[PDB]
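Each remark here refers to the structure printed beneath this line.
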Amino acid sequence: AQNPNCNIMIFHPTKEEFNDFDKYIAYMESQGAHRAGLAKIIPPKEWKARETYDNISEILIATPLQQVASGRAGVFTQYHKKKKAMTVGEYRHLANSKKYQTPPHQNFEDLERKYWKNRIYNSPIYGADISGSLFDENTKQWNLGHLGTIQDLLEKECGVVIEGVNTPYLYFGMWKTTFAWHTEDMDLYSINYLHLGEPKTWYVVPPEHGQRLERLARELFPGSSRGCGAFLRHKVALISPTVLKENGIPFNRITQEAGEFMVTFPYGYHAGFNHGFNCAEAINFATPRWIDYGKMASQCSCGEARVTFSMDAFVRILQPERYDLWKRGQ
Ligand SMILES: O=c1nc[nH]c2c(CNCc3ccccc3)nccc12
Ligand code: NI
Ligand SMILES: [Zn+2]
């Protein structure tokens, strides 16, 4: 069995290897990459997402989100307070202001320390979940707006045509901007490209141990857990690496830098934070291997984790017994 310790693996595809997306995902899994829940892909030196990022300042962040924390330094939840609209230009200036800027630090390790020590005492503002793409239409390899659709993957595997579209999202980040512990909708894969700016630090639990994370979460957020059997789908719970280590939870960490892709694999729980002003682009995708995961994915039916009309079909075809209840929650 490849990668039995579930280490995060880093790949350096050649330009020829970067042509066929599906084939390279499959190659990665042949080397056991999926066991980690997350892989880093460094593009060939010949490749670029687009020519420059000089002209992105007029992009609108219609609903910037202030991430307000509650709890203790290593075990907290965050809620999203909507803020007034701003452009990327305005957001970048805000991120660089004294109130929000990255503090002086020696290295990524020092900064991670500072993050977990102090995150809860601030409320950074995240330009999250903006429909759009920064890939040039002429970029033919690993263009997140031109991947096979999940709806076509389902159709090809299972024979049924369904409604729905899958498009990418942009994330404009600043220091302490946080993504909570989660797997993707329907335990899909995701791909994340860091277009510009400061790093993004990731934590990931191997898919084979996801239930260990879930158990700890029910213990650490007892009220949330009573409220919903799949509350991690709300995407509000943070648990620090120190707490995971204290509780014997298997996990790994890595820092993503501008120009690098991260792929998360089905049922790979992940969380993390931004080091400073940055922009990432992300989308979900599927492969034939995902279908079994999709069939078994736990659903939030409590009303909190409202999602896109896109998931309807996935639940309806893959999880017919759960569909009615899940629908009531939507
Ligand atoms: O860095 C991040 N900032 C916000 N959400 C993140 C998430 C949430 N899931 C990924 C996703 C986003 C959009 C569409 C489909 C899937 N995963 C990984 C990193 C981040
Ligand atoms: Ni994600
Ligand atoms: Zn719920």
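Per Swiss-Prot, chain A residues shown: 11-340, in order.
The backbone N, Cα and C atoms fix where each Cβ goes, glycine too.
Note on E26, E147, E224: Swiss-Prot annotates polyADP-ribosyl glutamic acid at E26; no matching annotation appears for the rest, which is not proof of its absence. Binding site for Zn(2+) per Swiss-Prot: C238, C310, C312, plus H244 from the candidate set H219, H244. Take the Fe cation site that Swiss-Prot assigns to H192, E194: the candidate from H103, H115, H280 listed for it is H280. The candidates are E27, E119; Swiss-Prot tags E27 with the feature polyADP-ribosyl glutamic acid. Residues from the binding-site residues list (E194, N202, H280) with a C-beta closer than 6 Å to any atom of ligand 3: none. When the domain 'JmjN' (18-60) is classified with DSSP, helix, strand and coil residues number 14 helix, 7 strand, 22 coil.
Counting only the Cα atoms, the space from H280 (Fe cation binding site) to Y136 (2-oxoglutarate binding site) is about 18 angstrom. Ranking the binding-site residues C238, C310, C312 by the number of CB atoms within 10 A of their own CB puts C310 at the top. Annotated Fe cation site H192, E194, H280; additional same-chain residues within 8 Å of its Cβ mean position, judged by their own Cβ, are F189, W191, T193, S200, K245, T274, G278, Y279, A281. The Cβ centroid of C238, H244, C310, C312 marks the Zn(2+) site; residues of that chain outside this set whose Cβ lies within 8 Å of it are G237, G239, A240, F241, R243, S311, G313, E314, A315, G339, given in sequence order. Here the CA atom of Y136 (2-oxoglutarate binding site) lies 17 Å from the CA atom of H192 (Fe cation binding site).
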